[PDB]
Amino acid sequence: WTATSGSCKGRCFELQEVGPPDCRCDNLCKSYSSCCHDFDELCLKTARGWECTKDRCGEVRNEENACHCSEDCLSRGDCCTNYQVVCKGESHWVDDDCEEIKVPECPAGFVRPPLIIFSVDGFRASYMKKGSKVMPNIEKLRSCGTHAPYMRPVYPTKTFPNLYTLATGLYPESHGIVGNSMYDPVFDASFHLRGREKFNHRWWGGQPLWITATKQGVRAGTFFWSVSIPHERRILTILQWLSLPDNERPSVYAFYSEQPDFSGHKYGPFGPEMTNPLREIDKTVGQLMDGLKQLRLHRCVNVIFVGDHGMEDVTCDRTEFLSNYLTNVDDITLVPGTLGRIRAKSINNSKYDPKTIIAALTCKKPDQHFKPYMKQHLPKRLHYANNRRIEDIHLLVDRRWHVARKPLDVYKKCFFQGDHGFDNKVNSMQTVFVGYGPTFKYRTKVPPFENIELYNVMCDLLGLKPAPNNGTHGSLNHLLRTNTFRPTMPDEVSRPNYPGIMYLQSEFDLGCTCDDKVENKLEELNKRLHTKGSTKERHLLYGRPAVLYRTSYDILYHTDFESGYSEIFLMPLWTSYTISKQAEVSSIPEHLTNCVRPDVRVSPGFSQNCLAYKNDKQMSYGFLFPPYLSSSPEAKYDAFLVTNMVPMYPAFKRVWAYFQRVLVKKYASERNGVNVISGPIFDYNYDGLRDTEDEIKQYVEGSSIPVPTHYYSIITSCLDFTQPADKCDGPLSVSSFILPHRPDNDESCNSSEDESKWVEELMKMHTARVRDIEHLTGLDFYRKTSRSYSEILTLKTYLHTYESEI
Ligand SMILES: *[C@@H]1O[C@H](CO)[C@@H](O[C@@H]2O[C@H](CO)[C@@H](O[C@@H]3O[C@H](CO[C@H]4O[C@H](CO)[C@@H](O)[C@H](O[C@H]5O[C@H](CO)[C@@H](O)[C@H](O)[C@@H]5O[C@H]5O[C@H](CO)[C@@H](O)[C@H](O)[C@@H]5O)[C@@H]4O)[C@@H](O)[C@H](O[C@H]4O[C@H](CO)[C@@H](O)[C@H](O)[C@@H]4O[C@H]4O[C@H](CO)[C@@H](O)[C@H](O)[C@@H]4O)[C@@H]3O)[C@H](O)[C@H]2NC(C)=O)[C@H](O)[C@H]1NC(C)=O
Ligand SMILES: COc1cc(C(=O)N2C[C@@H]3CN(C(=O)c4ccc5[nH]nnc5c4)C[C@H]3C2)cc2ccccc12
Ligand SMILES: [Ca+2]
Ligand SMILES: [Ca+2]
Ligand code: NA
Ligand code: NA
Ligand SMILES: [Zn+2]
């Protein structure tokens, strides 16, 4: 119930929200069907439009007008945004030359530069270049301020997940808004675009910017706008709030535009109908900047122009139907479109089996345009699994396509020509970032970055302490003139042991054999030097990784590689080695095919054993430092140490062996040497975080050897590739991956072919940030470089995407 008989007189767009049954006058009252009877008359005035004209200048104030051109309007804070241009001979902001804002130039009473977020739905990154001719205001913000060529959204590349990620710094799996449509099985409740459930606070997790600000005593404008409020009125409302007395005035504001997304869905991303929406958004930017200029705030406010995601060409004819795959199509519920999420239609049906559903959906048609995954098998870079609202079965849909349950869903629900939601590395899904103001840099281009990083920066811009989030605070310091956040490196928690030779060969009963008993002070002293770390500077280029949790581990040195060996997990946490451009690949000699060698520095009790692999009929083993890349025949024997062995399914060994034999050398050729750090990852509860020993669900049969869920590699070289990786004077270049350790290659439909036709494709799909590996391992990399810590944080957030030019 709402008693709509109260009044909005003097309460229009009030900031404090009033609770039922008292009638509301705030910018969301329309969405709640709760506005006071006179809200339209008083608060949504439209008389005489949005622009001053010559004849209105110095008019007698008429309170019915949408905005004013009378002499008193400046002091009332309610002139039309072009008032000073029409009536007082001023220029439009867009017409003024760009001049560096070296310091904030703020009116008295302003405690800090205000922040205005200008968010645009479906604004695809390439619109900045492709639409530049029809967006002069936006082009001026972009060229004069700080801009990225694009900003990466979160998966899924849907509206609410991305807007709320912008507001929180969190991945969707953590904030809880995991799609535009959701079912929560604990609440037994459904979230939809239409209706009232979506307003219940239980859906919205984390701590959004407006709450962070309020808790720390920084006032916020309301971020949300009911669709029926015209954009011109939203801008006038923001400008009016900015004229409030100091103690009442918010410091942070958001404007939201439904365009260009609305038209993009109808016309496709580059339909000729798209020019007009782009013009109109630019005009709105112009209105804001003109109004800021009137308030003398155009060189005081920080403005962020940011989109939520892009837009791809998608039409009804490019739809895959599950009814062409599944016999049991009425036993499932599908969330459809540019991603698929499948669950059982009834929880009372015990003939439901996810394994048979996945199998019926796997490589069934030659050009199949989606791929099924159990959620824990999705690329870890999507961070899309750790929430009960994410269904166990997920369909990753190719760009330009939809998935639907049955054909009748698509015609009895072509209308649309655009959609979004696809994998967040897809070029068409990329969106925009521009920052303009005293706190941002002048005429500066920054590399692409992820939208999870912005919350921390917005907190920095407002002097706020961010709530715990998924940005890496300091990684975006290069966007900022001042207010940088200067983080310290985390302290190492566990210090390593440095074991010498402590065990005789006969103490080991591992069931391993090696033809190594074939045999000199010239060469013997030298081998001893290698075991004490004499080649370490070559192979450990950026310091040893720090272990940020409590554990027991040993540093092991060798001619060709160094490792951090876990006595708890019985294998390395990391293995580090450098491969120069000149390095040569060799084979595993015939006599060494099955060679495994006890490591006399490490006790039998903290070693793996070969018998466990002999007896586990599903599990084989691989090596972290590859024997193929040994520096000499004699050095090769180190690669067969039991302390360099890791458990691998035969199907995974196909992938790993090709990476090690073919790709590492290829990367060293192309990049002028590479440094590689490889290791295992254990994430059995798919939370993106390192498992403790008691979370491990699978062991090599009969043994305490844990089976990794994933294997990573971090591949570093010199950004200036005229310098070799091991003698780099400046910035670094990195690419990394987190490969799923799976017992089949069902993910790769072409896997019966030679590895040259499918392995690198798999690896590209599983590209990762160094930071993603940090979370999954509790390790901290790049501890000893010549680079600034902020630069290193940016390097750690880098993702190599393998997409072509934007
Ligand atoms: C991205 O950044 C984020 C934020 O920093 C990281 O997420 C954090 O990770 C922490 C570890 O996973 C986690 O810490 C836990 O907090 C528990 C208390 O949680 C409540 O309070 C916080 C603080 O206000 C709040 O934010 C939480 O909000 C979550 O939950 C509600 C839903 O109920 C949602 O509205 C909201 O979206 C959010 O959900 C997300 O996180 C939860 C986990 O909290 C998931 O379940 C969801 O799927 C979703 O992803 C909560 O309201 C605290 O109870 C935990 O402590 C347990 O475990 C430790 C182990 O050491 C132990 O000491 C305790 O005893 C306790 O164990 C007991 O419970 C167990 C399980 O029931 C049981 O098995 C035991 O036997 C014990 O009885 C824990 O400390 C923190 O909450 C989240 N924060 C957020 C916002 O998500 C995230 O990791 C980052 N991602 C990456 C990849 O780096
Ligand atoms: C918390 O959510 C936030 C909300 C808002 C806000 O007013 N709205 C209201 C709009 C309603 N709406 C759609 O009807 C819609 C739009 C595009 C689509 N494509 N496909 N389906 C789609 C459905 C999108 C909502 C956004 C602003 C924020 C601004 C900053 C941060 C968070 C915001
Ligand atoms: Ca959107
Ligand atoms: Ca985990
Ligand atoms: Na085996
Ligand atoms: Na296959
Ligand atoms: Zn949309």
Side-chain angles (χ1 to χ4, degrees), residues 154-155 161 164-165 167-178 182 184-187 189 191 200-208 211-212 215 358-359 362-364 366 368 371-372 375-376 378-391 450 452-453 455-456 465-473 548-550 649 651-652 654-655 680-697 706 708-710 738 740 742-755 757-759 761-762 765 768-778 796-797:
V154 289
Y155 188 76
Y164 203 53
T165 284
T168 59
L170 293 170
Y171 297 121
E173 65 177 8
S174 289
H175 65 58
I177 310 303
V178 309
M182 296 178 283
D184 185 307
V186 175
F187 304 159
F191 177 107
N200 192 318
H201 282 197
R202 63 184 178 176
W203 294 101
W204 309 83
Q207 191 181 86
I211 298 305
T212 307
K215 291 190 178 279
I358 294 290
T362 295
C363 313
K364 279 306 147 67
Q368 195 172 305
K371 188 186 296 305
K375 58 177 184 176
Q376 66 275 16
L378 286 169
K380 298 296 276 175
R381 61 183 172 80
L382 304 174
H383 296 278
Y384 196 68
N386 185 211
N387 194 293
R388 70 201 184 201
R389 300 165 188 175
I390 299 167
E391 282 77 7
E450 301 188 330
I452 55 169
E453 302 300 332
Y455 173 78
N456 281 331
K465 181 178 189 175
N469 66 92
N470 305 123
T472 290
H473 198 174
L548 305 184
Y549 59 99
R550 181 68 259 164
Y649 291 115
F652 187 77
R654 297 186 63 201
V655 175
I681 280 159
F682 304 90
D683 192 19
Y684 281 93
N685 59 355
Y686 48 87
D687 64 358
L689 306 177
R690 180 192 50 95
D691 288 357
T692 52
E693 172 198 316
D694 69 356
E695 293 172 327
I696 301 304
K697 298 175 68 48
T709 55
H710 296 83
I738 296 168
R742 283 181 55 183
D744 59 69
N745 285 300
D746 292 348
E747 184 174 0
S748 304
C749 296
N750 294 1
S751 65
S752 70
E753 292 172 30
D754 183 68
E755 287 86 5
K757 307 300 165 178
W758 64 273
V759 167
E761 177 184 335
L762 178 66
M765 190 50 33
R769 315 171 304 145
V770 173
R771 198 79 181 99
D772 296 320
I773 300 168
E774 292 187 335
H775 300 319
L776 287 156
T777 60
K796 292 181 172 185
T797 63

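Read the numbers this way: they start at 1 and go in the same order the structure lists the ligands and their atoms. Numbers for residues simply follow the sequence, beginning at 1.
Annotation: the span from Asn386 atom CG to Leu689 atom CG amounts to 8.0 Å, rounded to 0.5 Å.
The shortest contact between atom 33 (O) of ligand 1 and any protein heavy atom is with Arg388 NH1, 4.6 Å. With hydrogens left out, the protein atom closest to atom 4 (C) of ligand 1 is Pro468 O, 3.6 Å, a heavy atom. Nearest non-hydrogen protein atom to atom 37 (O) of ligand 1 is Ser174 O, 2.7 Å. Looking at atom 11 (C) of ligand 1, its nearest protein heavy atom turns out to be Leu689 CD1, 4.4 Å. For atom 35 (O) of ligand 1, the closest non-hydrogen atom of the protein is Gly205 CA, 3.8 Å. Protein heavy atom nearest atom 1 (C) of ligand 1, with residue, atom name and distance: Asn470 ND2, 1.4 Å.
Side chain of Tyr164 to main chain of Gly205: a donor-acceptor pair is present (N/O by atom type, distance under 3.5 Å, no hydrogens or angles). Side-chain atoms of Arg654 come within 3.5 Å of backbone atoms of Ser751 as a donor-acceptor pair (strictly under, hydrogens ignored). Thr168 places a side-chain N or O within 3.5 Å of a backbone atom of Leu170 that can act as its donor or acceptor partner. No donor-acceptor distance shorter than 3.5 angstrom exists from the side chain of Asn750 to the backbone of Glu753, with no hydrogens or angles considered. No donor-acceptor pair under 3.5 Å is formed between the side chain of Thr472 and the backbone N or O of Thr797. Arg742 places no side-chain N or O within 3.5 Å of a backbone atom of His710 that could act as its donor or acceptor partner. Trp203 contributes no side-chain N or O that, together with a main-chain N or O of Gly176, makes up a donor-acceptor pair within less than 3.5 Å. Using a distance-only test at 3.5 Å, with no hydrogens or angles considered, no donor-acceptor pair links the side chain of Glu453 to the main chain of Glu450. Side chain of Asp687 to main chain of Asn685: no donor-acceptor pair is present (N/O by atom type, distance under 3.5 Å, no hydrogens or angles). Remark: the backbone N or O of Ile696 is not paired with any side-chain donor or acceptor of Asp691 at under 3.5 angstrom.
Close approach of ligand 1 to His175 is summarised as follows: ligand atoms under 4.0 Å from at least one heavy atom of the residue are 37 (O). Atoms of ligand 1 lying under 4.0 Å from any heavy atom of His775, numbered from 1 in the order shown and given with element: 94 (O). Atom numbering of ligand 1 starts at 1 in the shown order; those under 4.0 Å from a heavy atom of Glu173 are 49 (C), 50 (O). The contact set between ligand 1 and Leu170, taken as ligand atoms under 4.0 Å from a residue heavy atom, comprises 2 (O), 3 (C), 4 (C).
Taking the ring axis of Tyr549 as reference, the NZ or CZ atom of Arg690 stays within 45° of it and closer than 6.0 Å to the ring centre. Geometrically, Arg381 does not engage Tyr155 in a cation-pi contact defined by less than 6.0 Å to the ring centre and at most 45° from the axis.
Contact annotation for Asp772 and ligand 1: no heavy atom of the residue comes within less than 4.0 Å of the ligand.
Per-atom contact check: atom 42 (C) of ligand 1 does not touch the protein, criterion being a heavy-atom distance below 4.0 Å. Within a 4.0 Å radius of atom 58 (O) of ligand 1, the protein contributes no non-hydrogen atoms. Proximity of atom 85 (C) of ligand 1 to the protein is not indicated, since no non-hydrogen protein atom lies closer than 4.0 angstrom. Less than 4.0 angstrom separates atom 19 (O) of ligand 1 from none of the non-hydrogen atoms of the protein. Distances from atom 50 (O) of ligand 1 to the protein include at least one heavy-atom value under 4.0 Å. Less than 4.0 angstrom separates atom 39 (O) of ligand 1 from at least one non-hydrogen atom of the protein. Atom 54 (O) of ligand 1 is not flagged as protein-proximal [any protein heavy atom, distance under 4.0 Å]. For atom 80 (O) of ligand 1, no protein non-hydrogen atom is found at a distance below 4.0 Å.
The Na ion (ligand 6) has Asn745 O, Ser748 O, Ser751 OG as protein N, O or S atoms under 3.0 Å away. Under 3.0 Å from the Ca ion (ligand 4), one finds the following protein N/O/S atoms: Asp683 OD1, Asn685 OD1, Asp687 OD1, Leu689 O, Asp691 OD1.
At a threshold of 4.0 Å, the pair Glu391-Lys375 does not count as salt-bridged, since none of the basic side-chain nitrogens sits closer than that to a carboxylate oxygen. Using a 4.0 Å cut-off between a side-chain N of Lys or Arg and a carboxylate O of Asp or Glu, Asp772 and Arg769 qualify as a salt bridge. A salt bridge links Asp683 with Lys380: at least one charged nitrogen is closer than 4.0 Å to a carboxylate oxygen.
Considering both main-chain and side-chain atoms, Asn386 comes within under 3.5 Å of ligand 1 through a nitrogen or oxygen pair. Taking only nitrogen or oxygen atoms, main chain and side chain alike, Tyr171 does not reach within less than 3.5 Å of ligand 1. Taking only nitrogen or oxygen atoms, main chain and side chain alike, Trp204 does not reach within less than 3.5 Å of ligand 1.
The aromatic rings of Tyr171 and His383 lie parallel to each other, their planes meeting at an angle below 30°, with 60° marking the opposite boundary.
In this comparison of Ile177, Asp683, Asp687, the heavy atom closest to atom 93 (C) of ligand 1 sits on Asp687.
Taking both residues in full, the closest heavy atoms of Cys749 and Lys371 are given as SG-NZ, 3.7 Å, listed atom of the first, atom of the second, then distance. Between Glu173 and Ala385, the shortest heavy-atom contact is OE1-N, 3.0 Å.
With ring centers used as reference points, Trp204 lies under 6.0 Å from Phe191.
Heavy atoms of other residues, nucleotides or ligands lying less than 6.0 angstrom from CD of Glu693 number 12 at most.
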